[PDB]
Every structure is written in C-alpha cells, then in structure tokens.
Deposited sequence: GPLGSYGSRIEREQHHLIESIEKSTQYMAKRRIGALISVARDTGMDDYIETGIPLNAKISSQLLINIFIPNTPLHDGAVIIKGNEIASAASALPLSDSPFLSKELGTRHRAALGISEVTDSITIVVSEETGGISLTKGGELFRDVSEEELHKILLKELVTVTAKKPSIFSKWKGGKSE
C-alpha cells in the first residue's frame, strides 16, 4: 500500500524534526522482512495508528514510554520502550552513547531501518545492515526513507 508508506515516512520526518530542535532523544525502528516479534514483546504494547503526534508524545523525557525503542510493524506503532541489542562496534564515535549503539545493534541482526535523534546535538542518524549514517540532512533523510520503505525499486538500478 503506497499510501500508508508515504504517511509513515511523513510521520517519522515531522516527529524527528520536532524532537531534533528540542534535543529530545528518540529511537524508531521500522520492521521489514525479518520478524521483530521478540523485541516487540519486550516493550509496552500499543498496536496504535501511526501519527507524528503520538511519536512525539512517546519520547518526551522522564515519561513512562520514553526509555527504549519504538518499533513500527506493518501499519502500526507496535510497541514503545522496547529492548534492542547493543553493538560492540569499536568504530563508533566516542560521543555517541547507548541509543546509537542499540540502533546499530538491531541493524546487525535484522533488515530493519532505524532512525535516531541525539539528545546531545539533536542530530538525526540512520542504521541499516550493521552500518551507521550520521547526522543526516532533511533531504538525505527523506531520500533514504523513500528508497528503503516505499516498495515501488521499479526503475533500472543504476538510477
């Protein structure tokens, strides 16, 4: 369903834009082909409609839902305050803490796309397949989410 996927992307972009300006730390993992059921069950179940508003309310500091991962599965916010594994990568910059290391860790054992907001700088990062793309612009964020979450790769790969 192309329509739900474009809404998902917009919801991620607007919520992370708001948190970034406020240096609110956040972690959103979007499940793809590999199952994330065991990580979903570690958290508080929501099974909620996706909206930028609900994503922002989830991550407000010192609230019951903020301390852990949001996992998006199908067309729902499946859970909040979920556990994710921590990467032991030594290549990760020293100013990045356990949130970035959790995002990297999940990307190492799933094909999920994970978006991170830094509580120190408000920079936005992405992880995929054991790798981190640090401090992306608004345009780069949009381009990678469109490519990785909207199925309609139809054109020749070179482009």
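Novice: Unmodelled stretches of the deposited sequence, numbered from 1?
Specialist: Since the structure holds only modelled residues, the stretches it omits are 1-9, 162, 170-178.
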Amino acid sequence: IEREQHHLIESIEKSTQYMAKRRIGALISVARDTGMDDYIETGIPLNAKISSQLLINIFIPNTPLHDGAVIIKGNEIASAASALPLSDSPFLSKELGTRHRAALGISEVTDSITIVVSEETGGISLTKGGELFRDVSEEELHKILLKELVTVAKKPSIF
From here on, numbers count along this sequence of modelled residues.
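Novice: Using the B-factors recorded in the PDB entry, average over the C-alpha atoms of 112-120 and of 92-100, then report which stretch comes out higher.
Specialist: Result of the comparison: 92-100.
Novice: Once you work out the mean C-alpha B-factor for both 34-42 and 124-132 from the entry, which is higher?
Specialist: Taking the mean C-alpha B-factor of 124-132 and of 34-42, the larger value falls to 34-42.
Novice: Of the three thirds of its chain by CA temperature factor, lowest, middle or highest, which one includes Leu145?
Specialist: According to the entry, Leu145 has a C-alpha B-factor in the chain's lowest third.
Novice: Which third, lowest, middle or highest, does the C-alpha temperature factor of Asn62 belong to within its own chain?
Specialist: According to the entry, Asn62 has a C-alpha B-factor in the chain's highest third.
Novice: Looking at the C-alpha B-factor of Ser15, is it in the lowest, middle or highest third of its chain?
Specialist: Its C-alpha B-factor, which the entry lists for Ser15, ranks in the lowest third among residues of this chain.
Novice: Split the chain's modelled residues into thirds by Cα B-factor; is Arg23 in the lowest, middle or highest one?
Specialist: As the PDB entry reports it, the C-alpha B-factor of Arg23 lands in the highest third of its chain.
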